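Just so it is clear, the values below take in all heavy atoms, side chains as well, and ignore hydrogens, waters and symmetry mates. Heads up: numbering here begins at 1 and tracks the sequence.
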Amino acid sequence: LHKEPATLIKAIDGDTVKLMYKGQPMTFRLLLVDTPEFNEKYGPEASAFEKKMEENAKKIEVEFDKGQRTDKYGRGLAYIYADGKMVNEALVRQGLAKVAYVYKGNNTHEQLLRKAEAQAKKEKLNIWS
Ligand SMILES: Cc1cn([C@H]2C[C@H](OP(=O)(O)O)[C@@H](COP(=O)(O)O)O2)c(=O)[nH]c1=O
Ligand SMILES: [Ca+2]
């Protein structure tokens, strides 16, 4: 896998964000995670966390996996990095996202995120509280 550039356009919620990628606006859906909807318990906290992480970053990157790069809704499917730190992993590690939507051939960082989930659950953080 390879990191590619992108620039924040707008935070949307815990697991979607609008980025400019190859000079075009795109909505991205974070691979391998599920945040609560804003509507839902810890939804606003997940959204805030993503937003702060992305907005505070000097450099956003996107990293596609080996399989499909867009979903059925035309969202890009990627791992997103903020100043080299994976947003997908960070949400999971803080108990603000569950590992979810693990489809074969876009699951390169599954075990990394599962480990983060186990640590969050051990610490009874947020969703695991
Ligand atoms: C994360 C992810 C979601 N999706 C689709 C599956 C779900 O379909 P449905 O909309 O039919 O439920 C939806 C979940 O996204 P959200 O969690 O943003 O709603 O996005 C993929 O197809 N591939 C993926 O990697
Ligand atoms: Ca969601």
Side-chain angles (χ1 to χ4, degrees):
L1 308 195
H2 301 286
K3 295 167 208 283
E4 296 178 58
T7 52
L8 179 62
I9 296 162
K10 189 200 87 90
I12 302 171
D13 75 346
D15 66 22
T16 57
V17 50
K18 201 136 202 120
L19 307 172
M20 195 183 280
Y21 169 69
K22 289 184 161 186
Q24 306 306 145
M26 283 180 67
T27 291
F28 284 82
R29 181 58 168 82
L30 273 60
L31 282 171
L32 304 190
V33 303
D34 193 40
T35 58
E37 301 300 326
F38 186 93
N39 185 70
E40 293 162 1
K41 222 246 204 158
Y42 303 111
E45 291 75 9
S47 298
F49 185 88
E50 205 291 324
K51 173 172 169 174
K52 180 198 194 184
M53 190 165 178
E54 289 242 16
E55 283 183 353
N56 288 7
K58 271 45 275 226
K59 172 167 85 178
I60 299 306
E61 295 168 282
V62 315
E63 175 182 66
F64 291 104
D65 208 316
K66 298 269 174 152
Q68 277 157 38
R69 293 192 175 192
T70 54
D71 66 20
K72 65 193 191 177
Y73 300 112
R75 307 181 303 179
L77 299 169
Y79 309 102
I80 303 310
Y81 292 85
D83 284 335
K85 177 172 191 46
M86 208 204 301
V87 180
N88 318 51
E89 189 190 12
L91 281 159
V92 176
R93 174 67 186 86
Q94 291 304 304
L96 283 169
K98 297 190 204 207
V99 179
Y101 294 108
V102 183
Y103 299 92
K104 193 191 171 93
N106 269 346
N107 63 344
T108 299
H109 297 311
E110 182 183 8
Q111 293 309 136
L112 181 73
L113 299 196
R114 289 200 185 281
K115 177 54 172 290
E117 191 175 89
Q119 290 160 143
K121 197 176 318 203
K122 223 163 300 297
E123 296 167 11
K124 297 262 187 257
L125 286 176
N126 283 316
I127 288 183
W128 310 113
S129 69

ring-ring contact (aromatic ring centres under 6.0 Å, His included) contacts in which one or both residues fall within residues 24-54, not counting sequence neighbours: none
Heavy-atom neighbours of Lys18 NZ exceed 12 at 6.0 Å: yes
Check: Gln68 main-chain N/O paired with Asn106 side-chain donor or acceptor under 3.5 Å: yes
Close side-chain approach of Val17 and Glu50, heavy atoms under 4.5 Å: yes
Reported CZ-to-OG1 distance for the pair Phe64 and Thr70, which is rounded to 0.5 angstrom: 8.5 Å
Side-chain donor/acceptor of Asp83 to backbone N/O of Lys58, under 3.5 Å: yes
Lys51, NZ: over 12 other non-hydrogen atoms inside 6.0 angstrom: no
Heavy-atom donor-acceptor pair, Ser129 side chain to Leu125 backbone, under 3.5 Å: no
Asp15 backbone acceptor or donor facing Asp13 side chain under 3.5 Å: yes
Side chain proximity check, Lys52 to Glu55, heavy atoms < 4.5 angstrom: no
Qualifying residues under salt bridge (charged side-chain N to carboxylate O under 4.0 Å, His left out), relative to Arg69, sequence neighbours excluded: none
Main-chain N/O of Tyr81 paired with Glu61 side-chain donor or acceptor, under 3.5 Å: no
Donor-acceptor contact present, side-chain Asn107 to main-chain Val102, <3.5 Å: no
Close side-chain approach of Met26 to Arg75, heavy-atom, < 4.5 Å: no
Nearest non-hydrogen partners of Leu112 and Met86, listed with the distance: CD2-CE, 3.6 Å
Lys85 side chain near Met53 side chain, heavy-atom distance below 4.5 Å: yes
CD on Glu117 to NZ on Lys122, rounded to 0.5 Å: 10.5 Å
Within 6.0 Å of CD in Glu40, more than 12 heavy atoms from elsewhere: yes
Validation row: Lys98, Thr35 side chains within 4.5 angstrom (heavy atoms): no
Cluster check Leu1, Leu30: I/L/V/M/F/W/Y, side chain < 4.5 angstrom: yes
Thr7 side chain reached by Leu19 side chain, heavy atoms, under 4.5 Å: no
Close side-chain approach of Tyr101 to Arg29, heavy-atom, < 4.5 Å: yes
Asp65 versus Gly105, closest heavy-atom pair with distance: OD1-O, 4.1 Å
Show every donor-acceptor pair shorter than 3.5 Å between a side-chain atom in residues 88-97 and any protein atom, with sequence neighbours excluded, or say none if there are none.
unit_1	atom_1	unit_2	atom_2	d
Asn88	OD1	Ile80	N	3.0
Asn88	ND2	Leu31	O	2.9
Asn88	ND2	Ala78	O	3.4
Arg93	NH1	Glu123	OE1	2.9
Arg93	NH2	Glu123	OE1	3.4
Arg93	NH2	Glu123	OE2	2.8

pair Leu113-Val33: side-chain heavy atoms closer than 4.5 Å: yes
Rounded distance [0.5 Å steps], CG in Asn126 versus NZ in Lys41: 9.0 Å
Closest non-hydrogen atom pair, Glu54 against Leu8: OE1-CD1, 3.8 Å
